[PDB]
Amino acid sequence: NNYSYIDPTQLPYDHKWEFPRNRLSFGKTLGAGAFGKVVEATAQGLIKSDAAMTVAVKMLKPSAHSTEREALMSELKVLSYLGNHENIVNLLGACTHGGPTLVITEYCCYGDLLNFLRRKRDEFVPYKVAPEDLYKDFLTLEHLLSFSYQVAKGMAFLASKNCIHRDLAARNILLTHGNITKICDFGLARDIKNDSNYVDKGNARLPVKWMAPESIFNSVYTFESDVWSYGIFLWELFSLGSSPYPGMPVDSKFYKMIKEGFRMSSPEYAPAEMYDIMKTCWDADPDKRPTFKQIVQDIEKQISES
Ligand SMILES: COc1ccc2c(Oc3cnc(CC(=O)Nc4cc(C)cc(CN(C)C)c4)c(OC)c3)ccnc2c1
């Protein structure tokens, strides 16, 4: 199955989510893949008062086949199932009748974290920010720790609901107001065929540099494989949006080195204690890797200490 613990087809879909598609006015595309897209839209009547609201709508393109159509439905059943959580992109509604299925979520105004990190890289301040220059919205080490904590909190939640992400990366984390991170999954709304972070492994285009050895060599995805990905996310975060294993292509030598125990060194801005988390996430033995709840407790202490 394309889901390890839960079966989304057996999961129900509450019609409390059902939203009239005529009440959706579409805007610009926030992201698009071969078979799907995420578009910005204005939803009318989503609030008790006549007030309009900005939402993000995931949908398929006419290029999509039955397997993608089924994927979008199962994705909807899972989002319905998870419900409200601060560190997860929240579902607002859906359109199942009247045409193609539309998945309506909240709009995260700052977009994906990867691009945010990249545009903030050159103005990053490791130490404390001056009171005068606070308006400039400088990225600090405090924000990075807050983001690493929130993503673990979100992942801990997902894990308690027996959900495996299978693509935990900075590109699949959105940033909203108040420096709040929200785990998402662009999936079909990402052009993986042209994204250099995805690699041809057999007949698939997989994010190999974020995958645990067991996921690469056995296509087994567990709670422990998501912890590995998180460790790579931590590297991207404290590297301020750098691509993992810089200068190393995904070749025979790459696979051999990961199997043999090669692991990235600490990014330039990673506190020593955060690198310790990354090293444990990358343990060759999945049973020796921390759980997301362990990670939460670890980061929580690091935060209090500062
Ligand atoms: C300003 O720029 C932007 C740019 C993009 C935006 C945005 O993009 C989206 C990303 N993804 C989805 C679907 C999704 O998140 N699925 C999903 C999420 C979780 C927590 C769990 C699972 C289960 N899987 C197996 C792990 C699936 C969207 O649906 C409409 C939109 C959302 C909000 N605001 C956006 C603002």
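Quick note on numbering: the sequence shown equals residues 566 to 696, 757 to 931 in the entry's author numbering. Every residue gets a Cβ at the ideal spot worked out from N, C-alpha and C, and that includes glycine.
Subject >> Closest Cα partner of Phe772 within the set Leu678, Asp792, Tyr692 >> reply: Closest in C-alpha terms to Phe772, from the list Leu678, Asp792, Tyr692, comes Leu678.
* Output the boundary residues of the alpha helix (DSSP H) element that contains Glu839. => For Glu839, the enclosing alpha helix (DSSP H) stretches over residues 838 to 843.
**For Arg791, the three-state DSSP class (helix, strand or coil)** = Residue state, collapsed to three classes: coil.
Q) Are the beta-carbon atoms of residue 938 and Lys642 separated by less than 8 Å? A) Look at the range of the chain in this structure, 566 to 931, and you will see that residue 938 is not part of it.
Take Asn822 and list the residues in its own chain whose beta-carbon comes closer than 6 Å to its own, dropping the five residues that flank it on each side.
-> Within the same chain, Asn822 has close Cβ partners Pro832.
So does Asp810 have its beta carbon nearer than 7 Å to some heavy atom of ligand 1? Under cutoff, so the answer is yes.
Fill in: Option in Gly812, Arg815, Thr607, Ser844 with minimal Cα separation from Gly827
Of all alpha-carbon atoms in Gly812, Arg815, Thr607, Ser844, the one lying nearest the alpha-carbon of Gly827 is that of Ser844.
request  = Could you tell me the boundaries of the alpha helix (DSSP H) in which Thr905 lies?
outcome  = First-last of the alpha helix (DSSP H) with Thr905: 897 to 906.
query: So does the segment 804 to 823 actually touch the segment 644 to 653, counting three or more Cβ pairs closer than 8 Å?
result: Short answer: they touch.
| How would you call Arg686, buried or exposed, if buried means at least 16 neighbouring beta carbons within 10 angstroms? | Around the C-beta of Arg686, fewer than 16 other C-beta atoms lie within 10 Å, and the residue is accordingly described as exposed.
- Range covered by the beta strand (DSSP E) that runs through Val604: Its beta strand (DSSP E) spans residues 601 to 608.
- Start-to-end residues for the alpha helix (DSSP H) that takes in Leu770: It spans 766 to 785 - the alpha helix (DSSP H) in which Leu770 sits, taken as one unbroken run.
Report all residues from its chain with a CB closer than 6 Å to the CB of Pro869; omit the five preceding and five following residues, and keep chain order. Leaving aside the five residues that flank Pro869 on each side, the residues in its chain whose CB is nearer than 6 Å to its CB run, in chain order, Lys834, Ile857, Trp860.
So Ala695 and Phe917 are supposed to be a Cβ contact under 8 Å. How far apart are they, rounded? About 35 Å separates the Cβ atoms of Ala695 and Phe917, ruling out a contact at the 8 Å cut-off.
| request: Write down the C-beta distance between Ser628 and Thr847 rounded to the nearest angstrom, noting that I regard them as a contact closer than 8 Å. | output: About 32 Å; that fails the 8 Å criterion.
Euclidean distance between Cα positions of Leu769 and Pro691: Each residue's alpha carbon lies about 10 Å from the other.
If you drop the 5 nearest sequence neighbours on each side, which residues of the same chain put their C-beta closer than 7 Å to that of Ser840?
-> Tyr846, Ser850, listed in sequence order.
Residue nearest to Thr607 in terms of C-alpha spacing, selected from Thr619, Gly601, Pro573, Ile817: Measuring from the Cα of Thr607, the nearest candidate turns out to be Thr619.
| query | What separation, rounded to the nearest whole angstrom, lies between the Cα atoms of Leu682 and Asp816? | reply | Distance between the alpha carbons of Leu682 and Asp816: 20 Å.
For the putative contact between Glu671 and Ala621, defined by C-beta atoms under 8 Å, what is the C-beta separation to the nearest angstrom?
About 7 Å; that satisfies the 8 Å criterion.
key: CA-to-CA distance, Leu647 to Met889, given in whole angstroms   = The straight-line gap separating the alpha-carbon atoms of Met889 and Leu647 is approximately 33 Å.
*Taking just the CA atoms, how far does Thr574 sit from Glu885?*
So the two alpha carbons sit approximately 39 Å from each other.
Q: Drop a sphere of 10 angstroms on the beta-carbon of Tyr855, count the other beta-carbons inside from all chains shown, and report buried for 16 or more, exposed for fewer.
A: Only buried fits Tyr855, as 16 or more other CB atoms lie within 10 angstroms of its CB.
Rounded Cβ spacing between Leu800 and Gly676 (contact assumed at less than 8 Å): Confirmed, Cβ separation roughly 7 Å.
- Query: What do you reckon, is the C-beta of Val622 under 7 Å from a heavy atom of ligand 1?
  - Reply: Checking every heavy atom of ligand 1 against the Cβ of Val622, one is found closer than 7 Å.
- If you count every other CB in all the chains shown that lies within 10 Å of the CB of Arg791, and 16 or more means buried, which is it? With 16 or more Cβ atoms within 10 Å of its Cβ, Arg791 is classed as buried.
### Message
Among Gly866, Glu930, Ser645, whose alpha-carbon lies nearest the alpha-carbon of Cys788?
### Response
Scanning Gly866, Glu930, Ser645 for the CA closest to the CA of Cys788 turns up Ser645.
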